[PDB]
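Peer 1: Residue numbers (the deposited numbering), protein chains in the order written: chain E, 31 to 92; chain C, 1 to 385; chain H, 2 to 94; chain F, 73 to 147; chain D, 62 to 308; chain I, 2 to 58.
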Amino acid sequence: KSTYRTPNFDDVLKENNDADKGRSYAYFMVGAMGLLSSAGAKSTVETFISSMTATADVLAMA
Amino acid sequence: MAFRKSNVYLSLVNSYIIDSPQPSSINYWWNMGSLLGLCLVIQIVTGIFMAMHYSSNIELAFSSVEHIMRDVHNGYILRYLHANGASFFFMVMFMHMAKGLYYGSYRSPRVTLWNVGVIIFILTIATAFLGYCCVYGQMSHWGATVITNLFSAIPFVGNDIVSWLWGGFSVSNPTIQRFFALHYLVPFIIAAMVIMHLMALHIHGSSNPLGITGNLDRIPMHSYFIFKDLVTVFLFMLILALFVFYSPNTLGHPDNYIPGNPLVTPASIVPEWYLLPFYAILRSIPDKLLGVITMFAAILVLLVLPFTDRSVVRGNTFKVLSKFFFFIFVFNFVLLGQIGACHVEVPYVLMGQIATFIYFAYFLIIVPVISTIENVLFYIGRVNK
Amino acid sequence: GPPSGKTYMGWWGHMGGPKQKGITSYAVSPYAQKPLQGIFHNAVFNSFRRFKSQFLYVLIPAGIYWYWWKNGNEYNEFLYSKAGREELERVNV
Amino acid sequence: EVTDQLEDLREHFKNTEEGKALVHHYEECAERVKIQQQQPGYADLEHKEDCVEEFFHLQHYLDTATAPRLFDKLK
Amino acid sequence: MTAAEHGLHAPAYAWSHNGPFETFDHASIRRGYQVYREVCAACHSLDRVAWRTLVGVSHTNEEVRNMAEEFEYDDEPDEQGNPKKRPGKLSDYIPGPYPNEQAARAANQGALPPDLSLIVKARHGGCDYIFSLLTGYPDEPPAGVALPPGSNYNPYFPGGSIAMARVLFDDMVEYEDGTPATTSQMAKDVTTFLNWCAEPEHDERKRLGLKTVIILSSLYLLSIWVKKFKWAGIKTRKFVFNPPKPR
Amino acid sequence: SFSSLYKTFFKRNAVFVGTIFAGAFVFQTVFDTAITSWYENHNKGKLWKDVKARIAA
Ligand code: HEC
Ligand code: HEM
Ligand code: HEM
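1) Determine which residues of the segment 82-100 of chain D have a Cβ less than 8 Å from any Cβ of chain I, and write them out in chain order.
2) So, with DSSP's three-state summary, where would you put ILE269/C?
3) Please report the straight-line C-alpha distance between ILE154/C and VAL181/D, rounded to a whole angstrom.
4) Against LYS120/F, what residues of chain D qualify as contacts under a CB-to-CB distance less than 9 Å, listed in chain order?
5) Check the Cβ of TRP286/D against every Cβ in chain E and list those closer than 8 Å, keeping chain order.
6) Give a yes or no on whether 8 Å exceeds the smallest Cβ distance from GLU103/F to chain H.
7) Kindly indicate which three-state DSSP category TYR217/D falls into: helix, strand or coil?
8) Between which two residues does the alpha helix (DSSP H) carrying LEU198/C extend?
9) Measuring CB to CB, does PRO199/D end up less than 8 Å from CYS123/F?
10) Say yes only if the C-beta of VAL270/C is nearer than 7 Å to one or more non-hydrogen atoms of ligand 3, and no if none qualify.
11) Is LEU255/D near ligand 1, with its Cβ less than 7 Å from a heavy atom?
12) To the nearest angstrom, how far is it from the Cα of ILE18/C to the Cα of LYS289/D?
13) Touch check for the segment 205-219 of chain C and the segment 313-324 of chain C: three-plus C-beta pairs under 8 Å?
14) Within 7 Å: the Cβ of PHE88/C and any heavy atom of ligand 2?
15) Kindly list, in the order they appear in chain E, the residues whose Cβ is closer than 8 Å to that of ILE219/C.
16) For the putative contact between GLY270/D and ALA241/C, defined by C-beta atoms under 8 Å, what is the C-beta separation to the nearest angstrom?
17) Going straight from the alpha carbon of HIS43/I to that of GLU265/D, what length do you get?
18) Helix, strand or coil for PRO3/H? Go by DSSP, reduced to three states.
19) Is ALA111/D helix, strand or coil by DSSP?
20) Can you list the residues of chain C that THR273/D reaches, using a CB-CB cut of under 8 Å?
21) List, in chain order, every chain E residue whose beta-carbon is nearer than 8 Å to that of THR297/D.
22) If you follow the alpha helix (DSSP H) that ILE276/D is in, where does it begin and where does it stop?
23) So, do the segment 52-67 of chain E and the segment 278-285 of chain D have three or more beta carbon pairs nearer to each other than 8 Å?
24) Quick one: Cα of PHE3/C to Cα of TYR9/C, how far?
25) Which residues, in order along the segment 102-115 of chain D, keep a beta-carbon less than 7 Å from a beta-carbon of chain C?
26) So if I threshold CB-CB distances at 7 Å, which residues from the segment 45-73 of chain C count as touching chain D?
27) Is it the case that the Cβ atoms of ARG218/C and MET16/H are separated by a distance below 8 Å?
28) Please find out if some non-hydrogen atom of ligand 2 comes closer than 7 Å to the beta-carbon of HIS183/C.
29) Using 10 angstroms around the beta-carbon of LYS47/I, count the other beta-carbons present and answer buried if the total reaches 16, otherwise exposed.
30) What residue from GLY205/C, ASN249/C, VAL346/C has the CA that sits closest to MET69/C's CA?
31) Leaving aside the five residues before and after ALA242/D along the sequence, list all residues of the same chain whose C-beta is less than 7 Å from its C-beta, in chain order.
32) Excluding sequence positions up to five away, which residues of its chain have a Cβ less than 6 Å from the Cβ of residue 390/C?
33) Tell me the DSSP secondary structure of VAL94/H in three-state form.
34) Would you tell me roughly how many angstroms separate the C-alpha atoms of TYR55/E and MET93/C, rounded to the nearest one?
35) My output table needs one value for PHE82/D: the three-state DSSP class, helix, strand or coil.
36) Out of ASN14/C, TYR54/C, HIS82/C, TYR28/C, state which residue places its alpha-carbon closest to the alpha-carbon of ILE42/C.
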């Protein structure tokens, strides 16, 4: 077989290959992952900082 | 050249995590190392933010832990995260070691990597024992006394090394303040040893589940294995958030909510669950000196593995007897862990002795004989004469 | 810096494998592919192939050790009961 | 006016088919132990039988029966 | 050890906070505080529970202020250096009945009553153990035991002999919401209260756990998709070998 | 108009991470309120404000 004859990729190729459609799909999924991980990262850095802030008894004698 | 190569620090970061050529064949068991890195960062950060509120005297240790639980904002998150993250660190570390001795990662290009791993394992066991001793419950105190009175079996200097460990005459205020200073300290020695682990790995690169060379197709670590590690990172955080928020005192013992009392024995002194197999190994020998020698031998027998593996192909991917006896070893370890949590009653001492013998006969008897048999079967199955 | 010893993995350009000739590799852009392709077929057929090849090695030692633990636990619960006290007093004393 | 719900459920499940058999085994043991007690020279036997195991079987069945349906009765 | 030395296992009652979306019944905690104050406070302590932690969980601010002011704590000494006393405030802790351990052991026949502020985490079984221990006292020990004098039979206590006699009897407390206060109802209420005293973070912990488990499950599945999208080009790679000509 | 959707949201990475952060802000707020209201409506008659209304009625 020659090397100019590329193999059968048709089981995994999508049949409509618009650039903007597939790019917006992929960037929507990685954008949702970035959104949720950014909210989670904000929440854990606030968990540690609010751990450092003050205490129930120190606020009780206020 | 690129700025990520033409720097001093970004050169190291690039060489280790960005352009690191990984074999493309490596499966999901090659994420345990980045998982242990995440676990180590979790332990160090949550421990620092709890040491900001912990007081280490014997009359203030337990109540300072409950001050963290009840009075510090999100402090139950920190304590439950530290305790369950320590136990998750050990489950992932057991998976890292079991992968390593399944796939033959201990073998001849990577023996110094295996040995730096064994040093890291000993240091993490010590760190978690000290940190369990800092909370000063009832299992904490009596665990400290039985494990430190192990060292009185040395027939010449044993009483003076145990009186040097205790700082006095039994586990009290100097012992607890010592154990806090050391339980801080040994994690940074572990971080240095992890940097040395990565340095010893980086010279030859990682193995692969085939055991053949991986030099032929390779993939840079960025954008492929970064995301393949991100999958297991989010799975591990999911399972840890389950155990932290819905089931937090499950892996722990209930007797660490009794404050430490030197006059009342809690009628079954057991350590945390991950030290139960070595506890059963220690308990199986009917002598104390031979008991601690056999426990330290049970963890130093991981060093005889690159010299007793007598076969020409690396790993158990293509061997049937190595696979079978590997899983015999793994369920022997699980039975040993369950024997270590039971009392010294009549079937359990014999079961623990036989399981300890199987644990030692795996490294010293089973792996050479099965390796040689598989060698000659691989030969005569395909050569004609 | 100084040069260090001979390793078994180089870098991009001098990895240290054999010379390669006559191997062509083809690959399509993932932006032009379908991810999650064949997941419902692989989820039931490939997983059954993997289970069928790799389950005797896992579930024969698991069965041996679970039967051992069950039998020893039954013997202990028998010996520390009223019906089995005579064998307890001869098995320890 | 209101009687304790747990002893109500315990007597109701003591009046069932095999609950009577468990109670009967307990009373068989109890009369056996007391006519052991009334024997001359009882405090020297070095191992005196009790009925704690039969009481445990009865109380374990009563626990499994009364457990999932008591808190409906409590407020 | 034998089953008597282990103790009988407590069954699984259907608590209103069993389950991952549930919450303490706060009326049960208020009634359980009343049963603690009227029965349990004679012998057991609550050394870790401040007065201010009850405000907004089981009682109102003035309702806690009056219960704290009905006690007397050690004040700072006056200008002549003599010791002084003080009505309690919200900052103080719930005082025990005894001044030290020796008074406790003297008053309760040698045995020391444990402080109840962590007792459902300190015991294997938890709420089921506390409930079944309080309601587990038979009217007579089983035929054969030799109970030491000053001790009572309870099969859920390990060994059987416990130094606490049966304290809960029918209609010994009257609730202010008209609940029929029987033995089972009072044991349910104290065990809910002691579980709150051990875990006062329980509701917020379960709510936050809902938030993290939802966010992390979504992130896990979304990361599976992004991994498969990145590795598509390597999973669909094809190799062809034409053997090179001999030279 | 997928070309217009791409050209406004995903072409510049500044605009991309800007809407990532804006979505994380509004998601954090309304996700918090939705989880609290579901948790409180699931636990009806058990929270403190229900017992407070009962002893005030
Ligand atoms: C008077 C004296 C009382 C009263 C009114 C109560 N308790 Fe109990 N308690 C008491 C003693 C002296 C002991 C020690 C007995 C022993 O042998 O240890 C106890 C024991 C408990 C325990 C622990 C049991 C165990 O360790 O498994 C719990 C829990 C307990 N007591 C709780 C309790 C509750 C909830 C009460 C409510 C009214 C209560 N006690 C009454 C002494 C006394
Ligand atoms: C190598 C990583 C670490 C491991 C494996 C580890 C392990 C443990 C364990 C098992 C406990 C007992 C948890 C419990 O049962 O309550 C503990 C407690 C503790 N650890 Fe660590 N630890 C690590 C790192 C650190 C570090 C670096 C610090 C200090 C900054 C630290 C501070 C503490 C403190 C203060 C406690 C007190 C008790 C508690 O709050 O739970 N830990 N540690
Ligand atoms: C703090 C604990 C540890 C960390 C952070 C760590 C880190 C790593 C990392 C990141 C890798 C590369 C990824 C991988 O191969 O999985 C690795 C590989 C390895 N580690 Fe560890 N490790 C730790 C503990 C251990 C232990 C306890 C051992 C065994 C005694 C060990 C032995 C190995 C081996 C043999 C490899 C090479 C495996 C291979 O690629 O074939 N490590 N380690």
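Even for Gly, the Cβ is constructed at its ideal location relative to N, Cα and C.
Peer 2: The short version:
1) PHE82, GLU83, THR84, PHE85, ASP86, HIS87, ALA88, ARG91
2) coil
3) 41 Å
4) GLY205, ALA207
5) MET59
6) no
7) coil
8) 173-202
9) no
10) no
11) yes
12) 19 Å
13) yes
14) no
15) The premise fails here: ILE219/C is roughly 19 Å from chain E at the closest Cβ pair, so nothing lies under 8 Å.
16) 7 Å
17) 14 Å
18) coil
19) strand
20) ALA241, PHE245
21) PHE39, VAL42
22) 263-291
23) yes
24) 10 Å
25) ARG109
26) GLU66, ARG70
27) yes
28) yes
29) buried
30) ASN249/C
31) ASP232, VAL234, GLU235, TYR236
32) Chain C is shown only over 1 to 385; residue 390/C falls outside these bounds and no answer can be derived.
33) coil
34) 38 Å
35) coil
36) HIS82/C
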